[PDB]
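Protein chains in written order, with the deposited numbering: chain H, 25 to 122; chain D, 25 to 122; chain F, 17 to 102; chain B, 15 to 102; chain E, 37 to 134; chain A, 37 to 135; chain C, 10 to 119; chain G, 10 to 119.
Virtual Cβ for every residue (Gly too), placed ideally from N, Cα, C.
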Amino acid sequence: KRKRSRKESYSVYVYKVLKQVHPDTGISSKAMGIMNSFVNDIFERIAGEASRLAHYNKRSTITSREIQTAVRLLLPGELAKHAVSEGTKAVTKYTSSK
Amino acid sequence: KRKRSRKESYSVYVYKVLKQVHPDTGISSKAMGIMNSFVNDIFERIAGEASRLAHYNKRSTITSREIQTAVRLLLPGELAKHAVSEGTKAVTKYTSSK
Amino acid sequence: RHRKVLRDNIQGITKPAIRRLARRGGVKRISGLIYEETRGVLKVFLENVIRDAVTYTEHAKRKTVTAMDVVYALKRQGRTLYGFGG
Amino acid sequence: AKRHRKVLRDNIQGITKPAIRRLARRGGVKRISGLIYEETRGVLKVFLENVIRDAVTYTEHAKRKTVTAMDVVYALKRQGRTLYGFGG
Amino acid sequence: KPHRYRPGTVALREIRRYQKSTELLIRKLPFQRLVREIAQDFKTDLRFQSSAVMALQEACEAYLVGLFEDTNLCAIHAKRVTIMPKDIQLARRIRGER
Amino acid sequence: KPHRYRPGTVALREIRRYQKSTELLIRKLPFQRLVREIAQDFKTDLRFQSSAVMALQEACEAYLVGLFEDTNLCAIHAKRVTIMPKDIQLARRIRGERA
Amino acid sequence: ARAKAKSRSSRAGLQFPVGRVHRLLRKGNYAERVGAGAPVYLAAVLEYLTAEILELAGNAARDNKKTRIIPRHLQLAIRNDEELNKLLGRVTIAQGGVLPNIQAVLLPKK
Amino acid sequence: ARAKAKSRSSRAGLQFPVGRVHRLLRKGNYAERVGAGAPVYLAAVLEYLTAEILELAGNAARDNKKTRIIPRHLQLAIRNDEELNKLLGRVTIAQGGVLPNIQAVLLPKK
DNA sequence: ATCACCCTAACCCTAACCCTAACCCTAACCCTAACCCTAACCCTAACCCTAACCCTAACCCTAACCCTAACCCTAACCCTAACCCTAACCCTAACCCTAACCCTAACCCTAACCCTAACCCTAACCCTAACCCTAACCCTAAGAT
DNA sequence: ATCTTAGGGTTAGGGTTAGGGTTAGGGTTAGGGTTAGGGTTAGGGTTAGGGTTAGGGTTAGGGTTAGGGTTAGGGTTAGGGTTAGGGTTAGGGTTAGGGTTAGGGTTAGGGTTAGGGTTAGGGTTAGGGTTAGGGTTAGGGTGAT
């Protein structure tokens, strides 16, 4: 009955993305830890800004519009442009599948 | 039927405290605006830190202990000491009157 | 309805104004090349703040930039401002 | 029976002159004055104290006697120095 | 012959004068034109509240005054009394701006 | 005479060597003792994980290296190549640490 | 049937509003639940900080021979106290000005 | 009697988990409600940034003639890219080192 | 090393004006009381992770010595910024006018929440072999003379 | 051109860890039911932008000049490079015990809802604190002795 709680991470998805961008390259454990930290940091930044945006304008819901505005506020120029493009494409594809 | 929404402020309470500390002293409109900004800023800081503390320890409630720890984190030495003393005193007095 | 395009307004920040701002910062003697450098610095700062203010304004589906938009933009730049409805 | 502790004295001198030289070399410093070392130690001490204080605060809030890596990570994050590679 | 102050006397007098007051040191209308010119690049046919332009001016002047204090320190560090563009550049570099 | 490098040659060599590498530059045991000593006044009888001490060491070394880069810039501003305590103090004042 | 109401501010011996603070905590998306003593503690701390600043600002106003407090007095109070200056290091007070300070090297030599 | 389950990540054509991001948004006390398209957008953005950094780090790793990515390669990738350097300007990477920069005035005259 | 002379900021008195503080009404928000349910406390047990200790061997630190080059101080100069004055121009302030715009109210509907079953994905665990590190050797470019 | 040295390139071999493969349990997804947050339309106040006039305070440009920044030279001391001796840290190992964490059982504290009473916000108004203007005066700067 004494079983430790499980701990989730982004290792699987980071490895998938790595195998897309560089088919031959591998990654060390420490570098994977760095990538998990990075993903958590960015998630928190974007989610916090979206929360503040919703509160300022007296809305109860976080929608993709708040996410887009937060992305535009937090990322520098070309990064923001490309990230917005990727987000809009993903949402459009998701909605197109009913 | 078309009336503007009310605006809340801490002006009443700031004036009460001012009359406690300096009975023969007034305050201008701009100074009061600044005091409002200060109170809102400090509220946001303490409440955010308390929320993060509750999240780290897997607790669903913000209690006086979270507020105390947040105060100790956010304020310098003597400010933190005296603020903690005031908070504990107030909570004790509140509990005493059923 | 008609709106007119503005240009080269950075020269409106005159040499005396820059000298006054330096005086408040406790500067005694000023080189002649400071003024152009200062204009560039102010330009960069203002662009950064105004872009965020306009982002906040557009998110709300408004056309008028309010003081709260500026306050939020400054706050997220790391420069909190008191006295404008914070 | 019970495992008692012992006190520690004068460990700031453990940060030696060669170590400070190496730290300056990674910072691109070519020539170093003799009075730097003392200065450096002071600076370091201040930094450490602040971080450690915050960390201990976190540790006390959870009612633990052991300072973990996450306590340090949170303490550093709330001072504007985010650290990757130890969790979070 | 007519009275004439030595170089630096009037500068010290000006320092004492402007550190004693609180008014804005930049003309309001030129700053407003500058703000509108800058903003027209991001979006066309924008409107501004008066308080928005005033807040911008307050922030800008505070920023420049702080920068000049740091620049003065950098100039004094180099055994000088005159501030030069390299002093501003150094101050901004260390601040993390450039 | 036996071979002798001129002043600054070994300094440049060391700069290159230590900018190429990534290991820690402070000895682990003395740093751990310093950490425990500093912590002993905030609370008595504390325990530390190994990773906590390693995190502290990483953060401290990164901080010091950054400060040394800024100090080097301040020293070069005054037409010197030798860093002095006044350079550290100027860098810390401008950074906002007020020292 | 019902007892006469007492404000929660009066029970804690405070001037700041415990009820309003409690509501702002519940509606701020800070946590799922809010304890009974959290708003009391927070209101007490806010009142303390307000009183500190106001005392210093009143002294500043009296030094300039004024009855009212203006933003300049708040600025002087904040920047002349080490702990309040540290707490508000990244804050700009509108129409606050700066402290009078001239570097000793800039003063006339003789 | 029910259609075979398809992951929302495959519906959006992503590698990052839309469901997990949705849960993290719901549990993180960010708002009362979360829209259906928020987790998709956020997952897409996170994936793009991850791919961004990983491509640059893989290039750096190949430059030093190595097969795995270590934290040094991540550090080099971040500090050699202007926008990634700006985004992660206040971040320390463990075992990363620094960029090899020496001031021009320090180099020998001849 | 005072001293005459002269400019500037500060101090004081008076009219006046506009901004603050007091008052009144009222709608909204806080307090009280009854009810319910789940987060948090508590006590036990279980494993496990840190502190304490011994050994040892190589490697890093410390101190002394020799020397050079970087730093600091002085004098000369020359050019650049401060100070002052005048002509003119552009900001400031007060006023109007209107169209754009922001806010509210009523309406309603669809997107988000809630619960349940079941099934697919991800974390924990095992095991192997391939990338990385170590040791010995040789070239190779750069430093000092 | 010449000797010398230190980092880098090559090869053979060990070994650590990253990557692939199982298994299970729990977290995501589909399906159905409910409700209130937000989107839509109309209307109305309000406020920001554009135009006008007048004047007077501020800016720009030119002339005079001193003193501060720049440069070259000379001395000196302090920091760099080197070497031998010895302290001390890094690594390996073991032990035990105090500390962290899960698991089952309670309970009371916090959320919900409705009704009613208090209080804080909005709007109006008088008067006094602050400000503008005019007149001394006290402090401090500047050239001369």
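Taking G/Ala-70 as the centre and dropping the five residues before and after it, the same chain places the C-beta of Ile-78 and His-82 closer than 6 Å to its C-beta, in chain order. Excluding sequence positions up to five before and after D/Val-45, its CB lies less than 8 Å from no other CB in the same chain. Excluding the 5 residues flanking it on each side, D/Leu-99 has same chain C-beta neighbours closer than 7 Å at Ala-107, in chain order.
For B/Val-60 and A/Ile-74, the gap between their C-alpha atoms comes out near 10 Å.
With respect to the C-alpha of F/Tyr-51, the residue from E/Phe-78, E/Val-71, E/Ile-124 and E/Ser-86 having the closest C-alpha is E/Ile-124. Not flagged as an interface residue toward chain B: D/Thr-85, since no C-beta distance is shorter than 8 Å. Counting along the chain, B/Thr-96 sits inside the beta strand (DSSP E) bounded by residues 96 to 98.
In the DSSP assignment, G/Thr-101 falls outside any alpha helix (DSSP H) and lies within the beta strand (DSSP E) extending over 100 to 102. Fully enclosed alpha helix (DSSP H) runs of no fewer than 4 residues occupy 31 to 40 of the stretch 28 to 69 of chain F, in order along the chain. Taking CB atoms only, C/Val-107 has no neighbour in chain D less than 8 Å away. In this structure, the straight-line span from the alpha carbon of G/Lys-74 to that of G/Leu-96 is close to 28 Å. For the pair G/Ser-18 and G/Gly-105, the Cα-to-Cα distance works out to about 33 Å.
E/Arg-40 counts as exposed, since fewer than 16 other C-beta atoms from the protein chains shown sit within 10 angstroms of its C-beta.
In this structure, the straight-line span from the alpha carbon of G/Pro-109 to that of H/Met-59 is close to 23 Å. A distance below 7 Å between beta-carbons, with the five flanking residues on each side excluded, links B/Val-70 to the following residues of its chain, in chain order: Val-81. Residue contact with chain F for H/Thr-93: present (Cβ-Cβ distance below 8 Å to some residue of chain F). F/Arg-39 and E/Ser-87 have their C-alpha atoms roughly 26 Å apart. Rounded to whole angstroms, the gap between the alpha carbons of E/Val-101 and B/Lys-20 is 52 Å.
Legend: CB atoms of the stretch 86 to 100 of chain B lying less than 9 Å from CB atoms of chain G belong to residues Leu-90, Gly-94, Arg-95, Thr-96, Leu-97, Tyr-98, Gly-99 and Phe-100. Between H/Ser-35 and the set H/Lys-54, H/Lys-27 and H/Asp-48, the nearest pair of CA atoms involves H/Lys-54. Shortest Cα-Cα distance from E/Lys-64 to any of F/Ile-29, F/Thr-96, F/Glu-53 and F/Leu-97 involves F/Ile-29. Contact fails between the stretch 26 to 37 of chain C and the stretch 125 to 132 of chain A, because fewer than three Cβ pairs, one in each stretch, are under 8 Å apart. A direct Cα-to-Cα measurement between G/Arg-88 and G/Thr-101 gives close to 11 Å.
Among the residues facing chain B, H/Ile-58 is included, as its CB has a counterpart in that chain under 8 Å away.
Within the stretch 48 to 85 of chain A, the complete alpha helix (DSSP H) runs of at least 4 residues fall at 64 to 75. Residue pairing by DSSP places C/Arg-42 opposite D/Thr-85 in a beta bridge.
Rounded to whole angstroms, B/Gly-102 and F/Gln-27 show a C-alpha spacing of 49 Å. Using a Cβ-Cβ distance cut-off of 8 Å, the stretch 84 to 102 of chain D and the stretch 44 to 58 of chain C are in contact, since at least three pairs of beta carbons, one from each stretch, lie closer than that value. Shown here, D/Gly-50 sits in a strand according to DSSP, grouped into three states. For the stretch 102 to 113 of chain A, the beta-carbon criterion of a distance under 7 Å to any beta-carbon of chain E is satisfied by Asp-106, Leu-109, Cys-110 and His-113. Residue-level contact check: E/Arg-134 does not touch chain A, since none of the beta carbons of chain A fall below 8 Å from its beta carbon. Where G/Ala-47 is concerned, the enclosing alpha helix (DSSP H) starts and stops at 47 to 72. Following the DSSP letters along the chain, one finds H/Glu-32 in no alpha helix (DSSP H), marked with neither H nor E. Contact between H/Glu-73 and H/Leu-42 does not hold, since the beta-carbon distance rounds to 28 Å and is not under 8 Å. Taking the Cβ atoms as the reference, E/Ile-62 lies roughly 18 Å from F/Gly-42, outside the contact range of under 8 Å.
Annotation: Cβ neighbours of D/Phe-62 in chain F (cutoff 8 Å, chain order): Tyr-98.
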